[PDB]
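Engineer: Would you mind keeping the following structure in view while I ask a few things?
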Amino acid sequence: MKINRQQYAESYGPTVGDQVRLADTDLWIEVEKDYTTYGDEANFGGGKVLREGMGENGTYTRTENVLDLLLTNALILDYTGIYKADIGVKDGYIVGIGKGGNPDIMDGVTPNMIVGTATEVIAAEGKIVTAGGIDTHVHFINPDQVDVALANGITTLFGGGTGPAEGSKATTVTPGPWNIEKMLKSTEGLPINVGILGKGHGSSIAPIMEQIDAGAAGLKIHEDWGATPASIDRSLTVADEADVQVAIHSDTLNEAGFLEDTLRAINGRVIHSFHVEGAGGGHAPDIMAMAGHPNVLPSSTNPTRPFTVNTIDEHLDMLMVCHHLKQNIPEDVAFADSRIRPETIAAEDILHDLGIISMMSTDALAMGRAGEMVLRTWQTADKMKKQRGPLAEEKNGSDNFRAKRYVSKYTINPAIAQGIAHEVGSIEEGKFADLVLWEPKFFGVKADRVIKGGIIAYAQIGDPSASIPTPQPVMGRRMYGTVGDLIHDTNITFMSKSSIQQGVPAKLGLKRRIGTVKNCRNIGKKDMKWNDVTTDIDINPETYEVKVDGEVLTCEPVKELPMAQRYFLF
Amino acid sequence: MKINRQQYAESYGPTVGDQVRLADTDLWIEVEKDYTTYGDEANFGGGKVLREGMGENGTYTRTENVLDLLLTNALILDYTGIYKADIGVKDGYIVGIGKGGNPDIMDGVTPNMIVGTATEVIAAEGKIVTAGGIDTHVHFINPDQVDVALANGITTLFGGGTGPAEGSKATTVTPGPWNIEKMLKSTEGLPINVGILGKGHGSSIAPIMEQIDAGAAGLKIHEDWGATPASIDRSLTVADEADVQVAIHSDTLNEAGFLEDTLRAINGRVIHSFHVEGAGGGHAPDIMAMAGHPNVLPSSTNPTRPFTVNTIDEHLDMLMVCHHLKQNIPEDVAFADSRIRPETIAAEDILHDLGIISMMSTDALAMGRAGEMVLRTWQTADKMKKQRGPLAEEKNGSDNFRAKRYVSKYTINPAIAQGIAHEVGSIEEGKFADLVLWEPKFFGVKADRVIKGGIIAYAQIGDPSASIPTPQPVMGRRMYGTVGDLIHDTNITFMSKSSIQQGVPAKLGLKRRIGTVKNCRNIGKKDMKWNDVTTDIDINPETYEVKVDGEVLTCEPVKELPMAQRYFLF
Amino acid sequence: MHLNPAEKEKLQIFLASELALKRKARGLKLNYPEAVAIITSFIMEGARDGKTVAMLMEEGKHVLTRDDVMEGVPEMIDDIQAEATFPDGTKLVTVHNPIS
Amino acid sequence: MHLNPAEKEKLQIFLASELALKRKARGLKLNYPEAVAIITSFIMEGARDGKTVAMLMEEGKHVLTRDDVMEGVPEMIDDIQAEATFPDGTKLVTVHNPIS
Amino acid sequence: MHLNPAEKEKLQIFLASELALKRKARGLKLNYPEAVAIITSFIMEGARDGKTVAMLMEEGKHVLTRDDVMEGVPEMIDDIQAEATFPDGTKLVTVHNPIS
Amino acid sequence: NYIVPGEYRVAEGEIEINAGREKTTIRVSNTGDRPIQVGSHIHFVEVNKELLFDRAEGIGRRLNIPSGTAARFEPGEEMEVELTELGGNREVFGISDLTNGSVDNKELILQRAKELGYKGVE
Ligand SMILES: O=C(Nc1ccc(F)cc1Cl)c1ccccc1[SeH]
Ligand SMILES: O=C(Nc1ccc(F)cc1Cl)c1ccccc1[SeH]
Ligand SMILES: *[Se][SeH]
Ligand SMILES: *[Se][SeH]
Ligand code: NI
Ligand code: NI
Ligand code: NI
Ligand code: NI
Ligand SMILES: [O-]
Ligand SMILES: [O-]
């Protein structure tokens, strides 16, 4: 008995060699391998395989190799591969990637992926499954930002803020022990994973370190607090002792130093360089040269991503309104022209494509869009395919190499940068079950179901009064993982080792799972998955021309993007 | 180097002698004094003063005179003055009013207002800052009423009710130990300060007192439960023992007594007379004579405020519908005509202006508008300025005297009446940081940011999906102070001393800050800030003519108000 | 815009009235919530026009007649109440037995 | 439809603009939130039409004039900001002093 | 009005359909959520008109054609489902491949 | 009597900043090839190494400009600025780590500035 490939893919999702278009882009992903045994595919429903004595085992208790949850027939898109498998979840973690069902009667069942009495089923046939997005540049300004993030497949928010206070509206900072404690308590009600950054500013160690001991997960150095050589130095001294990451928004004004002075203060220590292109902040005009250095973990924020015909007009004005700049004050116009540069925004597209910028992020509500990190990653990859062609590394006419390079930018690389990749950032055995299901037609645009800690937290679903869940209006809605005390078990508060050792969770009555930040001081650029290139980036101080090993990087903006007006009501 | 006054006010907000219009009223407030040192103004942003080693101190730990929060360049409007200062907050309380920054390099820094690593910043330049409104006549009928209150700058709700039960729809009463316990638990989820009134009715002490011991913060005597001499007497006996306030809605019907009988039952004991004009309830037609007595703390509710051309038509009908009165039953028409009186509503405007009625309140959802206490206070002051001119006490052509008289009516005076002015009701050092920021163009109409316990609880802010927080739609939204466990630390449940001593918070598992009600039995009219007038008010029983020391009080209604159709979509 | 909670809710009454008015224009007899929406929106738009409470108490009895609505709807509606911002601030309008 | 949070909120701006446009058509001078709604909806519909950010920065200054609005409204509106999906994705439009 | 949760949500479909219909009237090819809103509102207004489920299953295939919508939209919409109150109570309408 | 809601009616007169403090004019040159903007309250001796000026004349001083404003130096640009005296305790910590104490220690500040290549130690 043989099934043609069209009929097979319609029933079980695609298999080895089949390709799938990402949304309305020109990007195609190809199934590299498949863990199934053809004829023993798991599926659930009337007369289907996962039934007692058949594909469901009726003998084993939950502890005996039985899953709490099986995602059947997933097309996984991850730094680790693009492939077809069943995903097994237990105790809120990914315990198996392979083939689920019943060893009684099926060949090839992964030994700890038994479907038993205890097992829930999610059908992933025809879906793309990714890790939850890790956004490491979040301003906590407006709690309504969390659903915006979940709707575009983000599951972890790292950043700072106390709400719409000016410090928070400019900087990813929750300053001092008391504001940190208050925002850890606020976090008990946010249905997403969270880590809080303290103020990376001071000339004495103790005012900075007491933020780490209070429960901060990292620090932010921002020019609006004084991105001075002293603040840089003390923050990295603290970070090296505490095993947490430091993010920097450098001295745009070059007031206390040029880029080389900031790099000298860093002194070869690891640092996460935010919005490395520099429209979002940093030494004018050459901050993007940071992305060539081995000790720099470089991210973009999203409004420059990718370079379009409206980008400069929107940014020049955005910068003018936010800094209350006057079009008739020459110093204000000179500042804006030094900061918003078509030359560096165009080159940023190519630096992403080359694996020289390792990460994406939002800059949510400060100069970036909470719900467009995943969206704009794929728009960038699509523009680069259109302008530069398939990468030389591709085969079979698939875009798998580019797709692994780009998915790494918002999944595994931020997680590694922050010291949280032991818990989150990829679909791997032993990691927390933060999973996003996508219909391919909506891939990167609107998530179908967002799983947090093994329970659905957010879903595109219809009329709650209907006979079935698909009638209109289909909209993003919070699901049972966000309700009551289940919000505690489905989400992680990431905290410093010292705050955990000092009992901060018990002191504050935190019920959320507690994640330990670790291993983020002995990493570098080489540790960024698929995005590990170190090189000399030259930015001409007169012309803002970008060169990589003496080669000029020019790019053109595009007038239209996929993943745009076909999808959005506004 | 000199700055002209227009440019100075645009950059830092107004300074000494400058005036600011309140919304679209004819009321002007003048800056009386300024705590700054010209040239050392604090401000936050790119290249601004509050940066490490500059206006931010980089040496001191949080405990060492460092603030959790600095509101820069506030124009304070308070019973204590109209003046320019920085406001420093720590541990959720106002710890300093003066000049913030860094003693290292700045002159005139208030010693406990250091901006350090631990300090968040809110820019208040160009804003008016007031205390949170204290509403002492709240019916707990519909939880949607809390955001309505926050949006018009109210931060404390004192009253009663169990939801839309008839007892609660008529009376500010949470009756008996069990209903009190249930509503204290409900209060754990309300993002505003709360105190609960028990039923001030009984002929034995124990049924009334057990409500105080259960966690009530006061009592309400209401005619719908029998505002008899016995209920009045027993409630005030309880109140004097328990150190809580009693509110009264007297016997409109004069069934068991006239006003003089109610005053004899009170017997010189302190009492808060609700809706003292009497449209909202009380001895017909002369209840408003209560406002002349030294032992009476008199409040208005808001629908009579101020007297307009639609007031009588709206009230006559409101009263007819609410009491199911029939236009063809002569006793019903006589009752309505005895209760809704243009003579006493007109005189109520003047009694406010003279400082004879000390307080405003809503009567939320029973006969009053949850979100219009602040609004209608200012409309009343504006109508009185238009009709009676500047008060004789004014100078410089400012309305500062009238503005302090009127702001006292919804801030400090209710707080004093209730026994909670040690915690709330004014911008003073040592009080809880309940602060409302207003754009002057929206003053008294729509709050910009409402701070509760030093964290923003409510804000007018825009699209949560946007690059910045200002794009449309700008609407009132709950902020991080309302989320998770932070709702516990940013809000106060006010309770009797006896319930606190008996461990009610622990018994019920209350996590909110617990406020003690105290010192409200040895106060009187003389203790009402800017509104301390005692006088003989005569209400003619035939004509309802009002006289104050034998002088007739007539007023005209107005056809238009400021703070109305310019602002509201409906 | 600075919308407060009431402004956001009351937009939904205008929308329900626009829906009901389209249904009436294509010849349908209106139901209970349609009729209430039309009369309610009429009151709030009248306040915005600067009419008096007394004018709207009178007019609201002539917006829909019993032939505009389904059987029983006139007797289901004892009165319609709406608050809106008049030139002199928020006022309550009650329309008694709006459909005879 | 797959509405996300922003799509749901921004429907309310279109609705407020339709309400304000009806008020203007019956001869009312518009108030602050009415004027902001009209200009905001104009920007988002312009993005949907495929205009540039620069076109809408210019056009948004000519949607309403001071005679269309109540006294003081022009000076209450320093700028109107809106994000919408252009052919090249979400962009921010700021209109400076939209009503002179 | 006594609105229940579904009545409140379904008002937003009518609003999205009115928005989409204005976009179509000024000559735009409609996108995915616009097309779904128009067909969905058509079904619920048809139920209100007293059409049968079988009539609306047929009619919903003729509301929009492939020339009314952007490239790919016909193939993105496998079916549109809506529940509405018919004369005989709530029923589910499914329109299969509404745009050919 | 047109009403602008929330408008100011400012008083007459002008505000004098940093009143009673010594003022000093110095010329400063951006010898670098990127722009340098300097805020009102940075200890002036601790600014960017490529600004050339008499470093001793920046000790204990900052720009005499309105609080929160900045002076801009385009690449190669030389201009005069007016400084005022620091106040309070006249101590500076952090920033470029040139002072870390009293601004009275001019000898120590200039020795550190010279060592680290802050232009203009004379
Ligand atoms: O990057 C582009 N071209 C290019 C440059 C250097 C290469 F080695 C290869 C290519 Cl295709 C290009 C061509 C047209 C428009 C945009 C761009 Se980014
Ligand atoms: O109160 C008014 N006039 C007045 C009465 C007694 C005074 F001693 C002074 C004045 Cl201005 C007035 C004048 C016109 C309209 C309303 C009123 Se409340
Ligand atoms: Se940034 Se407004
Ligand atoms: Se009171 Se209805
Ligand atoms: Ni930044
Ligand atoms: Ni940022
Ligand atoms: Ni009453
Ligand atoms: Ni009441
Ligand atoms: O940023
Ligand atoms: O009342």
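Here the protein sequences come in this chain order: P, C, D, G, Z and E.
Residue numbering for the first sequence follows the numbering used here, beginning at 4 and increasing consecutively.
Residue numbering for the second sequence follows the numbering used here, beginning at 4 and increasing consecutively.
Residue numbering for the third sequence follows the numbering used here, beginning at 21 and increasing consecutively.
Residue numbering for the fourth sequence follows the numbering used here, beginning at 21 and increasing consecutively.
Residue numbering for the fifth sequence follows the numbering used here, beginning at 21 and increasing consecutively.
Residue numbering for the sixth sequence follows the numbering used here, beginning at 247 and increasing consecutively.
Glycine residues also receive a C-beta, built at the ideal position from the N, C-alpha and C atoms.
Residues in the same chain with beta-carbon distance under 8 Å from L50 of chain Z, minus the five sequence neighbours each way, listed in chain order, please.
Structural biologist: These residues qualify, in order along the chain: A40, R43, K44, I58, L84, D88, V89, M90 and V93.
Engineer: Distance, Cα to Cα, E258 of chain P vs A233 of chain P?
Structural biologist: So the alpha carbons of these two residues sit roughly 13 Å apart.
Engineer: Looking at the strands, I want to know which residues DSSP matches up with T270 of chain E.
Structural biologist: Paired residues: E:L329.
Engineer: Check whether the Cβ of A369 of chain C sits closer than 7 Å to any heavy atom of ligand 8, and report yes or no.
Structural biologist: Checking every heavy atom of ligand 8 against the Cβ of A369 of chain C, one is found closer than 7 Å.
Engineer: Relative to the alpha-carbon of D385 of chain P, which residue among P:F404, P:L368 and P:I526 has its alpha-carbon at the smallest distance?
Structural biologist: Answer by Cα proximity: P:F404.
Engineer: What is the residue span of the beta strand (DSSP E) that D541 of chain C lies within?
Structural biologist: Segment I540 to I542, the beta strand (DSSP E) holding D541 of chain C.
Engineer: Determine the contact status of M478 of chain P and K30 of chain G, defining contact as a CB-CB distance below 8 Å.
Structural biologist: In this structure, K30 of chain G does not lie closer than 8 Å to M478 of chain P by Cβ.
Engineer: Which bits of chain G does residue 215 of chain E rub up against, with CB to CB less than 7 Å?
Structural biologist: What the structure shows of chain E is the stretch from 247 to 368, and residue 215 of chain E is not part of that stretch, so it cannot be assessed.
Engineer: With a threshold of 6 Å on Cβ separation, who are the neighbours of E292 of chain E within its own chain once the five nearest residues in sequence on each side are excluded?
Structural biologist: Answer for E292 of chain E: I341, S342 and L344, listed in chain order.
Engineer: I need the residues with a C-beta less than 5 Å from some heavy atom of ligand 2; please give them in chain order.
Structural biologist: Result: C:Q390, C:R391, C:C558 and C:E559.
Engineer: Would you say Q214 of chain C faces chain D, with C-beta separation under 8 Å as the test?
Structural biologist: No, its Cβ sits nowhere closer than 8 Å to a Cβ of chain D.
Engineer: By the three-class DSSP mapping on this structure, what secondary structure does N403 of chain P have?
Structural biologist: Here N403 of chain P sits in helix by DSSP.
Engineer: Does the Cβ-Cβ distance between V34 of chain P and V52 of chain P come in under 8 Å?
Structural biologist: No, the Cβ-Cβ distance between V34 of chain P and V52 of chain P is not below 8 Å.
Engineer: At what residues does the alpha helix (DSSP H) containing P94 of chain D begin and finish?
Structural biologist: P94 of chain D -> alpha helix (DSSP H) spans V93 to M96.
Engineer: Name the chain Z residues whose beta carbon is nearer than 8 Å to that of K44 of chain G?
Structural biologist: Residues of chain Z passing the Cβ test: none, with the nearest at roughly 17 Å.
Engineer: How many Å lie between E169 of chain C and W228 of chain C at the Cα?
Structural biologist: Taking the straight line from one Cα to the other gives about 12 Å.
Engineer: Which bits of chain G does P251 of chain E rub up against, with CB to CB less than 8 Å?
Structural biologist: Those are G92, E95 and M96, listed as they occur along chain G.
Engineer: In this structure, what does DSSP give as the bridge partners for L72 of chain P?
Structural biologist: Paired residue(s): P:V92 and P:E123.
Engineer: Kindly give me the distance between the Cβ atoms of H142 of chain P and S364 of chain P, rounded to whole angstroms, as I take these residues to be in contact under 8 Å.
Structural biologist: Not quite, the Cβ-Cβ distance comes to about 11 Å (not below 8 Å), so this is no contact.
Engineer: Please confirm whether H289 of chain E and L332 of chain E have their CB atoms less than 8 Å apart.
Structural biologist: Contact flag set, yes.
Engineer: Using the three-state DSSP reduction, which class does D138 of chain C fall into: helix, strand or coil?
Structural biologist: It is a strand residue.
Engineer: Residues around ligand 3, please: the ones whose beta-carbon is closer than 7 Å to some heavy atom of it, in chain order.
Structural biologist: After applying the 7 Å Cβ criterion, the set is P:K172, P:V324, P:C325, C:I471, C:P472 and C:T473.
Engineer: CB-CB under 8 Å to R524 of chain P, same chain, minus the five flanking residues each way: which ones, in chain order?
Structural biologist: Around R524 of chain P: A242, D243, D246, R272 and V273.
Engineer: Please confirm whether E431 of chain C has its beta-carbon closer than 8 Å to some beta-carbon of chain P.
Structural biologist: Judged by the 8 Å Cβ criterion, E431 of chain C is not in contact with chain P.
Engineer: Need the endpoints of the beta strand (DSSP E) that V284 of chain E sits in, please.
Structural biologist: Here the beta strand (DSSP E) through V284 of chain E covers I282 to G285.
Engineer: Just curious, the alpha helix (DSSP H) that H355 of chain C is in, first and last residue?
Structural biologist: Segment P345 to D356, the alpha helix (DSSP H) holding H355 of chain C.
Engineer: The beta strand (DSSP E) with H275 of chain C in it runs from where to where?
Structural biologist: From DSSP, the beta strand (DSSP E) with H275 of chain C extends over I274 to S276.
Engineer: Kindly give me the distance between the Cβ atoms of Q10 of chain P and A367 of chain P, rounded to whole angstroms, as I take these residues to be in contact under 8 Å.
Structural biologist: The Cβ separation is near 44 Å, so there is no contact.
Engineer: Using DSSP with H/G/I as helix, E/B as strand and the rest coil, what is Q22 of chain C?
Structural biologist: DSSP places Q22 of chain C in strand when its eight states are reduced to three.
Engineer: For ligand 7, enumerate in chain order all residues having a CB closer than 6 Å to any of its heavy atoms.
Structural biologist: Spelled out in chain order, the answer is C:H252, C:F277, C:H278, C:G283 and C:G284.
Engineer: Rounded to the nearest angstrom, how far is the Cβ of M116 of chain C from that of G99 of chain C, given a contact under 8 Å?
Structural biologist: Rounded, the Cβ-Cβ distance is 4 Å, consistent with contact.
Engineer: By the 10 Å Cβ neighbour count, where 16 or more other Cβ atoms means buried, how is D488 of chain P classified, buried or exposed?
Structural biologist: Exposed, because fewer than 16 other Cβ atoms sit within 10 Å of the Cβ of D488 of chain P.
Engineer: Mind pulling the chain G residues with CB within less than 9 Å of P53 of chain Z?
Structural biologist: Ordered by position in chain G, the residues that pass the 9 Å Cβ test against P53 of chain Z are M21, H22, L23 and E27.
Engineer: Using beta carbons (cut-off 8 Å, strictly below), is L332 of chain E in contact with chain C?
Structural biologist: Cβ-Cβ to chain C under 8 Å: yes for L332 of chain E.
Engineer: Could you tell me if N399 of chain C is buried or exposed, where buried requires 16 or more neighbouring beta carbons within 10 angstroms of its beta carbon?
Structural biologist: With fewer than 16 other Cβ atoms within 10 Å, it is exposed.
Engineer: Could you tell me which chain G residues have their CB closer than 9 Å to the CB of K444 of chain C, listed as they occur along the chain?
Structural biologist: Correct list: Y52, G92, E95 and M96.
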